[PDB]
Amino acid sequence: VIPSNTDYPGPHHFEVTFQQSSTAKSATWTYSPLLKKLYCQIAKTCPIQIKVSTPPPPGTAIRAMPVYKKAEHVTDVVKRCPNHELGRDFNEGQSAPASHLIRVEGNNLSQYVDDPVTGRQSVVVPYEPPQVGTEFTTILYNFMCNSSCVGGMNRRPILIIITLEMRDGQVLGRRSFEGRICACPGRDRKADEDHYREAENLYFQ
């Protein structure tokens, strides 16, 4: 059984968005709406905004699971590379198991799930409404291995699947996007967007 990535706004019109992401080469992360692709630097903070039209039921959670994008890789569990797993850096005194790729930053209620049947690793946080007079709920994420990590992602592309779930695991909403953990998000976005507009004959400027 392969995790489903199909977008599902659902009954609460579940949206996953990103604040104005710097197009600068200095940027630690950037999101491409054109490609539905997130570019991030290893172990850096990536704020993701969640929006709902109506509050979901009590005990609702938000899961984030990484999955390999290509069909020939999809049965392989997205895990951390052996080297970063055994390393001391970012592993000393952490709540997160050393093998998990996705971490939640600054939430004591986060849960690091290792499914005993599928072997799939993910991280779950309870749903929390926005602050008084705010539009979005912010979740801070960290991606702990580069896409290029030999033994881990090993240059294979991935999807990040965000799903709004009931306490029993029933799906209320889902949004997915491609993830890229690299040294230069800003440069890699620009290059990819330029190649896409050319290949797809998209009118620009």
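Numbering starts at 1 and follows the sequence shown. If you superpose the two forms and keep the largest set of C-alpha atoms that fall within 1.5 Å, you have the rigid core.
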query: Higher-deviation stretch (C-alpha RMS, rigid core fit) in 7 other deposited structures of this protein, choosing from 43 to 51 and 26 to 34; finding: 26 to 34
query: Between 157 to 165 and 143 to 151, the one whose CA atoms sit farther away in 7 other deposited structures of this protein (rigid core aligned); finding: 143 to 151
query: 131 to 139 set against 109 to 117, stretch whose average Cα temperature factor tops the other in the entry; finding: 131 to 139
query: Higher-scoring stretch by recorded Cα B factor average, 121 to 129 or 86 to 94; finding: 86 to 94
query: Candidate set 147, 32, 176, 26 [ranked by C-alpha B-factor, highest]; finding: 26
query: Entry-reported Cα temperature factor of residue 63, expressed as the chain third it lands in; finding: lowest
query: Chain-relative CA temperature factor third for residue 191; finding: middle
query: Record-listed C-alpha B factor of residue 184: chain third; finding: highest
query: For residue 167, the third of its chain into which the C-alpha B factor falls; finding: highest
query: Chain thirds of CA B-factor: placement of residue 42; finding: middle
